[PDB]
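I have placed the structure first, in the form of structure tokens, so that the comments after it can refer back to it.
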Amino acid sequence: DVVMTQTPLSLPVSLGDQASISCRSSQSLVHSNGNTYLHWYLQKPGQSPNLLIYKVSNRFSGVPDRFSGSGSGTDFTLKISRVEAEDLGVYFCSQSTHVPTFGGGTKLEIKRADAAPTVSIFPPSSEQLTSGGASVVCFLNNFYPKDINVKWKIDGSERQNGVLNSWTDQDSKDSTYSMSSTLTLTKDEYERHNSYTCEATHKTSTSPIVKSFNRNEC
Amino acid sequence: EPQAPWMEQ
Amino acid sequence: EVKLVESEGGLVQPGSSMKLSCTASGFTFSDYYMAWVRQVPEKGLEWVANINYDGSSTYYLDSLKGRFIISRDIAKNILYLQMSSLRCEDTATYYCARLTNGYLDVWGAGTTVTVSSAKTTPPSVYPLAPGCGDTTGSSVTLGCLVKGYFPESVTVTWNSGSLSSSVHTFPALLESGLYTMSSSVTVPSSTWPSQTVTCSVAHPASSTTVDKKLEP
């Protein structure tokens, strides 16, 4: 069972700089027939993998020379020169000399200047309330870096349980991320309190960004 | 000629 | 052009069976080996099976215990994966792929298979609009909250896809046995509600599409 080990797990690179990704195999990938079946694929956000490099160093049709594969035996490297934003996604190696296996992937992150989130809060819809539920949503849009904290308060009290936080992949358009935070309560509990607040902590601000509403004003 | 090299014997 | 298109996946009860298909075009089908691979959540990609030109020789991931069958119809340019006695561990995104000289040079779009005794449930789609007496600037952010569905996946578009430039779609999360996801869009404030905005949520598993108009 041949293990393909990739490093690093995530690689941040500035536009126009070079990225270098390592792929190592637990067994030599030199087939008895002399060929080394080590390949590289790229999976962009929301897409299927596409072939990038086959048999160590051969660029697949349509892949620019910026992408270069090298190595031998058990040690392989993918180098991406002059990185462009559209290069972002998960790069993974694979071997088919032996029973075929895949590496775990390396995520290429594009660096950009820090960008503050735009935070929007929404109360439960009347449609949801009619059905007996109550979710409060905060969107945190277009920020960088990806690390961000959201804290929900109900009448001033932090609430941890019932929170669903979901990040987008990085957008090649502007190198930013967005995330959605949803606090799901029962209508019973929602109707007993008044103040609903989401607080966003991000490195772009010393003080958290606070969005809030009062239920009886909705 | 082979398409699945690991199946070679 | 070259392309591979998988059939719709979806929900199957543990212990039951199901068959995926994949249709090829643009190349001489029988001039290529074909393969299935799967992407299991929180795990990597894994080989499933491959087949030679005429289907006389196949290979399977060992752990499958012969529960899966790969086959191909030369008359129809179609690749099949029959799956039997499904277990939770078979839940994954399945891709069909063209295999050439040991590598996969064309990949399908992927199809999601969910092994579960839970029931198919359509999404509730809730509008997210500003209010609560807040004021209005030069833009407005609107959204849809897509809750309570099973299995994955859903697709969300805005105005039948004609609104796309300012859209964010957030990956689904499982909570209490059901999925929740959301989507936001931003438009100039002078244009809403004057120019309508609707989120359309398609959920193939329940054969349902919701086209929810955003209201102030």
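Letters A, B, ... are given to chains in the order of the sequence lines, protein chains preceding strands, and every chain is numbered from 1.
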Review point. Which of the residues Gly102(C), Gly44(C), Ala172(C) is involved in the greatest number of heavy-atom pairs with chain A at under 4.5 angstrom?
Key: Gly102(C)
Practice item. Name the orientation class of the two ring planes belonging to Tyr149(C) and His203(C) (parallel below 30°, tilted from 30 to 60°, perpendicular beyond 60°). Key: perpendicular
**Study point:** Nearest heavy-atom neighbours spanning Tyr91(A) and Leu52(A)
**Key:** CE2-CD2, 3.5 Å
Check your understanding: Under a 4.0 Å N-O cut-off, is there an ion pair linking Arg192(A) with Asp155(A)?
Key -> no
Review point. Relative to chain C, which segment of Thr182(A) carries a heavy atom at a distance below 4.5 Å: side chain, backbone, both, or neither?
Key: side chain
Review point. Where does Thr169(C) contact chain A at under 4.5 Å (heavy atoms): side chain, backbone, both or neither?
Key: backbone
Exercise for review: For chain C, find which of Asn35(A), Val137(A), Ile121(A) contributes the most heavy-atom pairs closer than 4.5 angstrom.
Suggested key: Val137(A)
Revision key, fill the gap. When the 4.5 angstrom heavy-atom criterion is applied to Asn165(A) and chain C, the contacting part is backbone
Check your understanding: Hey, which of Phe122(A), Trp167(A), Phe213(A) has the most heavy atom pairs under 4.5 Å with chain C?
Key -> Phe122(A)
Review point. With only heavy atoms counted, which part of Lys147(C) is less than 4.5 Å from chain A, the side chain, the backbone, both or neither?
Key: side chain
Exercise for review: Would you indicate whether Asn216(A), at its atom CG, is surrounded by more than 12 heavy atoms from other residues, nucleotides or ligands within a distance under 6.0 Å?
Suggested key: yes
Practice item. Would you kindly say whether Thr198(C) and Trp158(C) are connected by a side-chain donor-acceptor distance under 3.5 Å? Key: no
Exercise for review: Starting from the C-alpha separation in whole Å, work towards a yes-or-no answer on side chain to side chain donor-acceptor pair (under 3.5 Å) for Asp54(C) and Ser56(C).
Suggested key: CA-CA 6 Å; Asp54(C) 72 337; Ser56(C) 59; 2.7 Å; yes
Exercise for review: Mind ranking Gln39(C), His168(C), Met181(C), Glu175(C) by heavy-atom pairs under 4.5 Å with chain A and telling me who comes out on top?
Suggested key: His168(C)
Review point. For residues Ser135(A) and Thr184(A), is any side-chain donor paired with an opposing acceptor at under 3.5 Å?
Key: yes
Review point. Using 4.0 Å as the upper bound for N to carboxylate O, is an ion pair formed by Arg159(A) and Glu189(A)?
Key: yes
Practice item. With a 4.5 angstrom heavy-atom cut-off, could you sort out which part of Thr101(A) is near chain C: side chain, backbone, both or neither? Key: neither
Exercise for review: Tell me, for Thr100(C) versus chain A, whether the close heavy atoms (under 4.5 Å) come from the side chain, the backbone, both or neither.
Suggested key: neither
**Study point:** Part of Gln43(A) within contact of chain C (heavy atom distance under 4.5 Å)
**Key:** side chain
Point to revise | Over 12 foreign heavy atoms within 6.0 Å of CG, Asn161(A) | key: no
Review point. Would you call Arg215(A) and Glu191(A) a salt bridge, taking side-chain N to carboxylate O under 4.0 Å as the test?
Key: no
**Study point:** Most chain A-contacting option - heavy-atom pairs closer than 4.5 Å, from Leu173(C), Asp134(C), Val106(C), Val37(C)
**Key:** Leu173(C)
Study note, to complete from the structure: Note: vs chain A, highest number of non-hydrogen pairs under 4.5 angstrom among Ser124(C), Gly108(C), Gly148(C), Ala129(C) is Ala129(C)
Check your understanding: Which answer fits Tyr95(C), side chain, backbone, both or neither, if we ask what part of it has an atom under 4.5 Å from a heavy atom of chain A?
Key -> side chain
Review point. For the ring pair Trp36(C) and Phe68(C), is the centre-to-centre distance below 6.0 Å?
Key: no
**Study point:** Proximity breakdown for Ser165(C) and chain A, heavy-atom pairs closer than 4.5 Å
**Key:** backbone
**Study point:** Which of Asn141(A), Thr97(A), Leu51(A) touches chain C most, by non-hydrogen pairs under 4.5 Å
**Key:** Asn141(A)
Check your understanding: With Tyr53(C), which of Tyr32(C), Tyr33(C), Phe29(C) fulfils ring pair (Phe, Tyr, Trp, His ring centres under 6.0 Å)?
Key -> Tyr33(C)
**Study point:** chain C interface, residue from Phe139(A), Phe60(A), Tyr37(A) that has the most non-hydrogen pairs under 4.5 Å
**Key:** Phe139(A)
Exercise for review: Count the heavy-atom pairs under 4.5 Å between each of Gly131(C), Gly133(C), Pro171(C) and chain A, then report the option with the highest count.
Suggested key: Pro171(C)
Exercise for review: Check whether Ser131(A) gets within reach of chain C through its side chain, its backbone, both or neither, counting any heavy atom under 4.5 Å.
Suggested key: side chain
Check your understanding: So which of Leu104(C), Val125(C), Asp105(C) has the largest heavy-atom pair count under 4.5 angstrom toward chain A?
Key -> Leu104(C)
